[PDB]
Amino acid sequence: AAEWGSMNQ
Amino acid sequence: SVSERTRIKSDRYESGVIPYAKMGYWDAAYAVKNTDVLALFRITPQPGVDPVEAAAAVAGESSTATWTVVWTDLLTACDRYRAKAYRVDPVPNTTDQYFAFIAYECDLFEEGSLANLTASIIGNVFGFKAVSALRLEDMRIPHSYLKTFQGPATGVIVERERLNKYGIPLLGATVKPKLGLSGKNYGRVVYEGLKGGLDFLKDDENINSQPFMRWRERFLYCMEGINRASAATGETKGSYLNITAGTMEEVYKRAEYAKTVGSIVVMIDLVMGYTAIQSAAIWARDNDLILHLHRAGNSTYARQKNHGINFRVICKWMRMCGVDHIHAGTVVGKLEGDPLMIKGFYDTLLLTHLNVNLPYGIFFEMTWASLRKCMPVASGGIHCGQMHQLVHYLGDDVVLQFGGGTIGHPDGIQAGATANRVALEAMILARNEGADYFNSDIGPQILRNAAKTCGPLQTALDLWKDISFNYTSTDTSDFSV
Amino acid sequence: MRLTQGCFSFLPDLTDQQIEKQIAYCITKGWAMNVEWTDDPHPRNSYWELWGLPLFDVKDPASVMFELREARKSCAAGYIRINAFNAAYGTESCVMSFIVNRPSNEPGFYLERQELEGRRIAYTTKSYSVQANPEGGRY
Amino acid sequence: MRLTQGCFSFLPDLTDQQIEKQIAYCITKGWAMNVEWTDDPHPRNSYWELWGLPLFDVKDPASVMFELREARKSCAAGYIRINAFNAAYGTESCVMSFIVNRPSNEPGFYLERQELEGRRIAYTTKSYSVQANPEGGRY
Amino acid sequence: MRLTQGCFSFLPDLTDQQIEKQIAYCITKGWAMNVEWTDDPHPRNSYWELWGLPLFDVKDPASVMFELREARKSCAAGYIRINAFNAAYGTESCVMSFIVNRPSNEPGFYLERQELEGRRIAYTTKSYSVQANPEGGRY
Ligand SMILES: O=C(O)[C@@](O)(COP(=O)(O)O)[C@H](O)[C@H](O)COP(=O)(O)O
């Protein structure tokens with residue numbers, strides 16, 4: 001979801 | 001005995017077999033670095049295998065692990081060299097498919113070498129018995145590593161300057177039939193096509209040096225046809241000479257000949273291999289030549305959604321090696337191509353930076369560190385009757401190529417070339433004036449209107465009016481909107 | 001012969017209304033416009049003569065149309081072209097170019113063939129107008 | 001002749017108490033220790049024979065002293081050395097090495113000179129003990 | 001040291017019954033058998049001395065056993081080996097080889113290191129028995 005952009009700084 | 005007394009009794013370094021996820025290859029609380037290389041894999045576990053164990057196995061066997069414990073690990077900074085699985089999720093609308101994210105340390109790779117990068121990422125993991133299927137979908141290549149590669153020898157910007165052509169797609173065609181013609185007959189077709197209004201023509205991927213035609217003969221006649229056409233029109237023209245060969249020495253011999261006779265461009269095939277491709281891209285930069293890449297063989301591994309490598313990854317690797325052009329798809333032609341996936345490919349080859357876009361298959365944000373742009377090429381069963389669709393889906397930085405769509409004209413090759421150029425010019429003009437050229441009614445009428453002042457175009461429209469290739473696609477998206 | 005340099009040379013000469021529309025399209029993108037002239041149409045003649053400086057922040061095609069009108073009545077017989085430049089990072093180059101004035105008649109070119117080693121030829125493209133008269137009086 | 005390989009060869013042979021102190025210094029740093037043996041002392045002889053595996057997590061010199069005692073009464077006449085390894089990123093190599101046992105007599109070496117082009121010589125260093133007897137019976 | 005050339009050198013010396021069985025296996029395939037001897041065991045010493053001609057159409061191991069018995073009591077101290085040859089198109093080479101007699105003692109070899117350009121070394125392997133005595137009196 002939108003956690004893929006925060007899990008990969 | 002000394003050996004028996006010196007045996008390792010540590011829980012982690014005692015002899016024996018333990019799961020990969022307990023060897024240190026799975027870390028849900030891992031923090032990614034800006035120098036790390038990242039990979040996204042679509043995995044299908046064998047009945048009974050735990051999804052997390054499978055991800056850990058892929059990470060270990062692609063980095064520094066084996067099937068059993070080795071004490072030699074204590075002679076190295078082991079923790080720094082191990083790759084780490086850090087995220088696993090089910091594929092939407094699917095049971096038995098999962099997405100896995102993996103991070104790799106920068107010091108694991110050799111600077112400027114594609115053979116080395118691939119040796120680690122795709123070396124042996126695809127043959128593991130514990131998985132039933134596997135596919136590399138995407139990768140994030142960091143700025144630091146990008147700076148060790150050359151990037152395109154010429155690049156889209158410098159190339160348009162070399163041709164003095166700006167603000168419209170380039171045009172081209174392939175010589176037909178594929179095999180059988182002599183060098184003198186080959187030059188005749190080139191002369192005719194260019195004279196009618198094409199920017200470039202090209203040899204077929206399977207034309208090299210055969211009993212019916214030796215290469216030196218073809219190169220000589222082609223330069224006579226190019227100069228004749230350029231002097232008759234006042235424009236810069238050219239043809240892609242094929243330098244593909246069986247050994248590196250023979251490749252170089254054919255490249256040095258084409259430069260001697262004054263060719264502005266040459267072409268190579270993907271079947272040659274990564275190391276030969278890298279060598280050719282370095283030569284083109286040092287000798288002021290444009291380099292075209294044909295993707296022969298790519299669909300053996302890039303067609304199915306369950307196993308292999310997605311083309312968007314090949315796009316990144318080839319932009320890193322430094323090719324100037326690459327075939328990327330047509331959407332409406334006779335070869336495979338989903339419109340959403342194709343738009344993703346074009347962006348990977350032309351943008352200065354990529355942002356996440358799931359419906360297009362973009363999984364990682366990534367900058368190109370000022371690497372030059374690679375020009376996409378559209379080819380495969382397309383005709384001037386489809387001009388409105390080509391302009392809408394492919395854009396303005398692209399080479400549109402018409403083989404049968406030019407030579408197959410009933411009034412001759414020169415007539416065929418004219419019909420293609422006129423069709424394009426009229427469509428772009430209309431677009432720039434703010435018309436809905438993509439509408440199923442406006443688009444064709446625009447071409448019909450132009451046809452009332454050009455007989456060749458009228459003939460072509462009537463000939464290939466009801467020609468289309470509608471079939472369900474194999475490689476599709478997993479997200480919407 | 002008709003010189004085929006430019007993006008719209010396979011179409012008839014464009015009217016003033018047609019030209020104004022294309023200009024309106026380039027300014028909507030934010031591009032800078034300029035006008036050039038020459039009497040030597042060799043395909044490797046990269047630098048045409050400049051007509052004033054480029055119009056960077058002009059936001060009305062009427063300003064561009066006026067300048068072209070002046071050149072037409074001021075310059076000698078020959079060719080005139082309009083170009084658009086994009087200074088955005090990643091481009092920093094020209095993005096459009098088309099001819100907007102031609103001579104009454106153009107004879108064209110011919111090829112000269114010098115024979116070198118083996119079967120190799122060194123080609124030279126030659127213009128009839130250039131070889132006959134100096135700049136200013138070729139057309 | 002006295003072989004001068006190692007860090008303390010210009011000092012007299014060290015006592016057991018002296019050896020224990022140096023070991024205590026390496027373990028306070030967290031280094032791994034090992035013991036090796038050979039009867040071929042050529043300066044380019046990189047791989048001596050290993051006595052068991054390296055002691056990785058031993059935190060008491062008595063364990064290292066015991067192993068050295070065994071080798072002394074088990075191995076043939078020749079040389080014994082103790083090494084310390086550091087596996088930290090930036091090093092990953094040996095950081096100390098000293099001899100801890102010698103033969104009753106060492107004859108030494110001599111040079112052989114092969115004459116090649118011009119005035120160039122190709123040198124070879126030769127050991128008296130090696131050339132005379134096979135491994136196990138050189139000292 | 002024990003010389004490890006041959007296919008069964010990691011097993012104890014084979015008995016006469018053991019040898020006879022291996023011979024019986026090679027003749028069932030139709031192979032030709034021969035016996036050789038040497039006192040120079042260098043690994044690049046390709047040609048051992050021949051004991052008579054090869055036995056081409058013998059179909060009974062007893063004939064091969066007899067010849068080996070003779071060599072044993074006739075030849076000097078050293079090494080003896082039995083080989084099997086296959087002359088079929090696609091092969092035309094040896095397909096088996098094993099040692100069947102050894103000296104009472106083998107001292108082994110040592111290395112000589114000549115230093116050439118940069119860090120390169122040219123190596124030479126040397127035998128203790130050969131360097132000490134002429135052929136016939138090495139063991
Ligand atoms: O050999 C051929 O079939 C073509 O010359 C097509 O000619 P036509 O114009 O006559 O169809 C091209 O190589 C294909 O387009 C390659 O496919 P792709 O671009 O997908 O790699």
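Chain letters run A, B, ... following the sequence lines, proteins first and then strands; every chain starts at 1. When a ligand or atom number is given, it counts from 1 through the structure's own listing order. Hydrogens, waters and symmetry mates play no part in the numbers below; they use all other heavy atoms, side chains included.
Under a cut-off of 6.0 angstrom, the local environment of OH in B:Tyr221 is sparse, with at most 12 non-hydrogen atoms contributed by other residues, nucleotides or ligands. No more than 12 heavy-atom neighbours from other residues, nucleotides or ligands sit within 6.0 angstrom of CG on B:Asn93.
For the pairing with B:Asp397, the salt bridge (charged side-chain N to carboxylate O under 4.0 Å, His left out) check across B:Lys165, B:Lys373, B:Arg160 returns one residue only, B:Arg160. No option in B:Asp478, B:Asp338, B:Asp475 other than B:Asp478 meets the salt bridge (charged side-chain N to carboxylate O under 4.0 Å, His left out) test with B:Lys305.
Between B:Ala281 and B:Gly322 the shortest heavy-atom distance is CB-O, 3.8 Å.
The contact shell of ligand 1, taken as protein residues with any non-hydrogen atom closer than 4.0 angstrom, comprises B:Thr174, B:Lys176, B:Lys178, B:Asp204, B:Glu205, B:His294, B:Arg295, B:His327, B:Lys334, B:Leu335, B:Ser379, B:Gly380, B:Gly381, B:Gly403, B:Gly404.
A distance of 8.0 Å separates NE2 in B:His325 from NE2 in B:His292, rounded to the nearest 0.5 Å.
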